[PDB]
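A.B. asks: Read the sequence shown against this note's numbering and you will find it ends at 858, with the numbers running on by one and no gaps. Backbone N, C-alpha and C fix where the C-beta goes; we use that ideal spot for every residue, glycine too.
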Amino acid sequence: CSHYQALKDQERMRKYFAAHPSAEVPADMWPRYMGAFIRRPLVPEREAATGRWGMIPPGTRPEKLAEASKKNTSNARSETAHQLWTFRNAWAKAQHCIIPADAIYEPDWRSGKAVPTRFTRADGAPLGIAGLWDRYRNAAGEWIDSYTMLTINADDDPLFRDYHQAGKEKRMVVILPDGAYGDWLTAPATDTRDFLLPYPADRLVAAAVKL
Numbered sequence: 648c649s650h651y652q653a654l655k656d657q658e659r660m661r662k663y664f665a666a667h668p669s670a671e672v673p674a675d676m677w678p679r680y681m682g683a684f685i686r687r688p689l690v691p692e693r694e695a696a697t698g699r700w701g702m703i704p705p706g707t708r709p710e711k712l713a714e715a716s717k718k719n720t721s722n723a724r725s726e727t728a729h730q731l732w733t734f735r736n737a738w739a740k741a742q743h744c745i746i747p748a749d750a751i752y753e754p755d756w757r758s759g760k761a762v763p764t765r766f767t768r769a770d771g772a773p774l775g776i777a778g779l780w781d782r783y784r785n786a787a788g789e790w791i792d793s794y795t796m797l798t799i800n801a802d803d804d805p806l807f808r809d810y811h812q813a814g815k816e817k818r819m820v821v822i823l824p825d826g827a828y829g830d831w832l833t834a835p836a837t838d839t840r841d842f843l844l845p846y847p848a849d850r851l852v853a854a855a856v857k858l
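(1) Can you give me the Cβ contacts of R808 inside the same chain, cut-off strictly under 8 Å, excluding the 5 residues immediately before and after it?
(2) Pull up the CB-CB distance for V852 and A748, whole angstroms please, since I reckon it's below 8 Å.
(3) Rounded to the nearest angstrom, how far is the Cβ of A750 from that of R735, given a contact under 8 Å?
(4) What residues match up with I685 in a beta bridge as DSSP calls it?
(5) Apply the 10 Å Cβ neighbour rule to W790 and answer buried if 16 or more other Cβ atoms are within range, or exposed otherwise.
(6) What would DSSP say about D849, mapped onto helix, strand or coil?
(7) Could you give the distance in angstroms between the alpha-carbon of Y828 and the alpha-carbon of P835?
(8) Just verifying my parser: in three-state terms, what is the DSSP assignment at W732?
(9) Could you name the residues of the same chain whose beta carbon sits closer than 7 Å to that of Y680, not counting the 5 residues immediately before and after it, in chain order?
(10) Assuming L858 contacts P773 under a Cβ cut-off of 8 Å, what Cβ separation, rounded to an integer in Å, is found between them?
(11) Can you name the start and end residues of the alpha helix (DSSP H) that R661 belongs to?
(12) From the DSSP output, in three-state form, read off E694 for me.
(13) Helix, strand or coil: which one does DSSP assign to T798?
(14) By DSSP, does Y828 sit in helix, in strand, or in coil?
(15) Find the nearest neighbour of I685 within the set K655, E714 and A713, judged by alpha-carbon distance.
(16) Looking only at C-alpha atoms, which of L797, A737, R782 and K815 sits nearest to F842?
(17) Below 6 Å CB to CB, which residues in the same chain sit around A737 once its five sequence neighbours on both sides are set aside?
(18) How long is the line joining the alpha carbons of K760 and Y810, rounded to whole angstroms?
(19) Can the beta-carbon of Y752 be found less than 8 Å from the beta-carbon of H650?
This is the structure:
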């Protein structure tokens with residue numbers, strides 16, 4: 648997933664995630680933009696943090712930022728996130744977050760062309776995408792937050808196995824059930840994979856859209 652609709656409604660975010668927006672974020676989110684992500688609490692009133700969608704290795708030096716910025720790190724394959732330099736620190740320290748979204752978009756190529764497809768929950772509730780967060784220093788030495796969505800294989804998912812170009816492994820982000828939100832945000836690195844499961848396809852609605 649490299650495109651999603653950010654949850655911006657304050658009341659909606661409070662009801663479902665017990666958090667409120669900090670800064671304004673683009674309703675139409677794309678990689679490398681500054682988006683919002685939610686972390687464990689602790690002013691008892693969660694606040695979504697702002698960060699770059701697309702993780703940057705925390706040890707990156709200023710002379711390597713440009714190079715690191717161009718890599719595709721808005722999604723992280725869960726299978727190797729514990730090992731790769733970009734995500735290892737975040738995974739090891741269990742820096743977990745939830746990206747709140749009203750919907751996510753995935754391309755459908757069955758028509759012979761890229762047709763955007765919008766996915767939403769059948770119950771009308773927002774999606775809580777499982778991810779990792781970390782910090783990196785910009786050229787001025789100022790720490791900046793960044794986040795990425797954890798993905799799992801979807802070659803056998805009843806819904807997502809039909810999306811994306813043919814000829815490449817099929818991937819899907821992890822939509823967390825509401826009852827797992829809090830546990831996910833405080834889970835130790837050893838329990839991480841327990842949450843990276845396929846969200847029930849029968850709970851999602853797919854619709855082709857015109858951007």
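C.D. replies: Let me spell this out:
(1) So the list reads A801, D802 and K817, once near-sequence residues are dropped.
(2) In this structure, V852 and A748 do not form a Cβ contact; the two beta carbons are roughly 14 Å apart against a cut-off of 8 Å.
(3) Not quite, the Cβ-Cβ distance comes to about 30 Å (not below 8 Å), so this is no contact.
(4) Paired residues: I745.
(5) Its Cβ having fewer than 16 others within 10 Å, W790 is exposed.
(6) In the three-state DSSP reduction, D849 falls in the helix class (H, G or I).
(7) Cα to Cα, the separation comes out at about 14 Å.
(8) The DSSP-derived three-state label of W732 is coil.
(9) Excluding five sequence positions before and after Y680, the CB atoms of its chain that fall closer than 7 Å to its own CB belong to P673 and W700, given in chain order.
(10) Between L858 and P773, the beta carbon gap of about 20 Å keeps them out of contact (Cβ cut-off 8 Å).
(11) Where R661 is concerned, the enclosing alpha helix (DSSP H) stretches over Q657 to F664.
(12) Strand, per DSSP.
(13) Correct three-state label for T798: strand.
(14) Helix at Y828.
(15) Selected option, being the one with the closest Cα: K655.
(16) Per the Cα distances, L797.
(17) Closer than 6 Å at Cβ, skipping near neighbours: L779 and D781.
(18) In this model, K760 and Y810 are separated by some 12 Å (Cα to Cα).
(19) Yes, they are a contact pair.
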